[PDB]
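Structural overview
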Amino acid sequence: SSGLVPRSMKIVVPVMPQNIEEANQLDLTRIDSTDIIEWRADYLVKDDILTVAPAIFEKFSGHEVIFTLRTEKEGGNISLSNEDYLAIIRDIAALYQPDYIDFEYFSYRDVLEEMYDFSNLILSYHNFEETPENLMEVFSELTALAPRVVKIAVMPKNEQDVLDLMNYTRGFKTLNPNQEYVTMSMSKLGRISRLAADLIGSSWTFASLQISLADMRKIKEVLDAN
């Protein structure tokens, strides 16, 4: 439960401080209490993650937090060995107990077994080049592991790719109503998939502090109105 250091679609807001000073300068003025904060810790060098963590978790006390190490293989800014990846995740978990922990499935599938005692994992996959032919199989594979969240983000090359991501999400949510999915078709081309979180069965949508938190809240209002 508590860590060694005390204290309708939802919007996830990523934060990417590159040092402790930036972390302490993060502006909470635009964030509301229901927003989930995603700490993109991969924006830091390995040796700075633990040093910045206390500031992140003090700053965002009272918010749900996702701890994310996005690797270079999937559009992230860090590379880590299996050992270092697991060590950092385990120490953050023990120290701060983030509400969710990102686990980059295909990058670290081998050692997923060592996370058997975690029940707050987001099993995530990101393809920045295309929307794979076997997308359905990806949904199936991650679902079978029954993580806290199945997260799939893909890059469309045409309009049908976007619709396919949307359709697979609702299809799998219908098959698996108790499984939380967070999905998106990336790029301007895929934007509708982000606005359509409720329709498609994605529990969260990612908004920036490509669509802003400001606009996302407005469009939520449009969609929710009588």
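Residues numbered from 1 in each chain as written, not as in the entry; some residues may be left out. Heavy atoms only, no water. Residues with missing side-chain atoms left out of burial classes, pairs and counts.

**Quick word on the side chain of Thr183**
Relative to the elements of secondary structure, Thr183 occurs in strand β7 (residues 180–185). On the basis of relative accessibility, which here comes to 2%, the residue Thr183 falls in the buried class. Polar side-chain contacts of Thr183 include one of 2.8 Å to the side chain of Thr169. Not counting the four nearest positions on each side in its chain, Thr183 is found in contact with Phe139, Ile152, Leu165, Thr169, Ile200 and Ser202. (Helix = DSSP H or I, 4+ residues; strand = E, 2+ residues; numbered from the N terminus. Buried < 20%, exposed > 50% of the residue type's maximum accessible area, 1.4 Å probe, protein only. Polar contact = N/O pair within 3.5 Å; in protein donor to acceptor, adjacent residues only side chain to side chain. Contact = heavy atoms within 4.5 Å.)

**Some remarks on the packing of aromatic side chains**
Within this structure, the stated rule accounts for twelve aromatic pairs. When the centroid spacing of 6.5 Å and the interplanar angle of 75° are considered together, the rings of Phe103 and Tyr108 count as edge-to-face. Note on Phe139 and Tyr181: the rings are 6.2 Å apart at their centroids and 40° apart in plane angle, and the pair reads as tilted. Within this pair, whereas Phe139 is found in helix α5 (residues 135–144), its partner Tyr181 is found in strand β7, the two being separated by 42 residues in sequence. (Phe/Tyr/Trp six-rings, centres within 6.5 Å; stacked < 30°, edge-to-face > 60°.)

**A closer look at the sheet that holds strand β5 (residues 121–127)**
One open sheet holds the eight strands; their spatial order is β7-β6-β5-β4-β3-β2-β1-β8, and the pairing between them is parallel. A single partner strand is all that each edge strand has here, and the edge strands are β7 and β8 (204–206). Neighbouring strand axes in the sheet, compared pairwise and without regard to direction, differ in orientation by 25° on average. Strand direction decides the pairing type here: β5 and strand β6 (residues 149–154), joined by six bridges, are parallel. Among the inter-strand pairings, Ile122 is bridged to a residue of β6, identified as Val149. Sitting on the sheet, helix α6 (residues 159–175) is in contact with β6 and β7, with an inclination near 175° to β7. Together, β1 (10–15) and β8 form the strand contacts of helix α9 (residues 213–224), whose direction differs from that of β1 by roughly 180°. (Pairing = 2+ DSSP bridges. Axes fitted to C-alpha atoms, helices over the stretch in contact; angles between N-to-C directions.)

**Quick word on the UniProt feature "active site" in the protein chain**
When the UniProt feature table is mapped onto this chain, "active site" is found at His126 and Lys151. Across 26 residues in sequence, these annotated residues keep their C-alpha atoms within 8.4 Å of one another, forming a single compact spot. Looking at the element boundaries, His126 is found in strand β5. Beyond its immediate chain neighbours, meaning those up to four positions away, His126 contacts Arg70, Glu74, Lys151 and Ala153. The residues touching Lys151, leaving out its near neighbours within four places in the chain, are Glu38, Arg70, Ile122, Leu123, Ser124, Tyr125, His126, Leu142, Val182, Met184 and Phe206. (UniProt positions renumbered as here; feature names shortened; annotations may be inferred.)

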